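Colleague: quick one, structure for this:
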Amino acid sequence: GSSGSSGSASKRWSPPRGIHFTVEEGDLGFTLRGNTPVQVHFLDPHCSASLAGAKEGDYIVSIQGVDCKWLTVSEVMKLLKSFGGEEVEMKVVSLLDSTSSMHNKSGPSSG
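Modeller: Numbers count the residues shown, from 1 in each chain. You can find the structure just below:
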């Protein structure tokens, strides 16, 4: 095991979660947007993945053990489809990064 050393300036991802559900080869209830790692854009609350115990913006890392960190949307989609109607184990990690920031303002117009 290990913890770390020195203040290495670099992004940090959370730990991978363990989801348990049965893919749906008809209505996943969600989609995959972006490039990679693809995220979970829950479209339906009564979907499946969500009902399992997932969240939004969930970045899939692996599916049943498969590597889904570089894979895109098509890939994963297939990696998921393949496991249609089969209880798989999806792992997602949360992204941590600064947020909010000051910006310039604008002025209204007359009439």
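Colleague: so in the protein, which helix runs the longest?
Modeller: Scanning the chain for the longest helix, with DSSP state H as the assignment, gives helix 73-82.
Colleague: could I get the phi/psi values of residue 87?
Modeller: Reported as degrees, to the nearest 10, the phi and psi values for residue 87 are phi -60, psi 110.
Colleague: let me fix that: residue 89
Modeller: Residue 89 adopts backbone torsions of phi -120, psi 100, taken as degrees, to the nearest 10.
Colleague: the one 5 residues further on now?
Modeller: Backbone geometry at residue 94, expressed as degrees, to the nearest 10, gives phi -90, psi 140.
Colleague: run through the residues that contact the residue lying closest to it once chain neighbours are set aside.
Modeller: Counting by Cβ to Cβ, 6 or more residues apart in numbering, the nearest residue to residue 94 once its immediate chain neighbours are dropped is residue 14, at 3.8 Å. Backbone N, C-alpha and C define where each C-beta goes, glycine included. By Cβ atoms under 8 Å, 6 or more residues apart in numbering, the contact set of residue 14 is 93-96.
Colleague: quick one: contacts for residue 29?
Modeller: By Cβ under 8 Å, 6+ apart, residue 29 lies in contact with 42-44, 46-50.
Colleague: write the PyMOL selection for whichever of those residues are buried.
Modeller: Restricted to buried positions by 16 or more other Cβ atoms under 10 Å, the PyMOL selection for those reads:
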select buried, resi 42+47+48+49+50
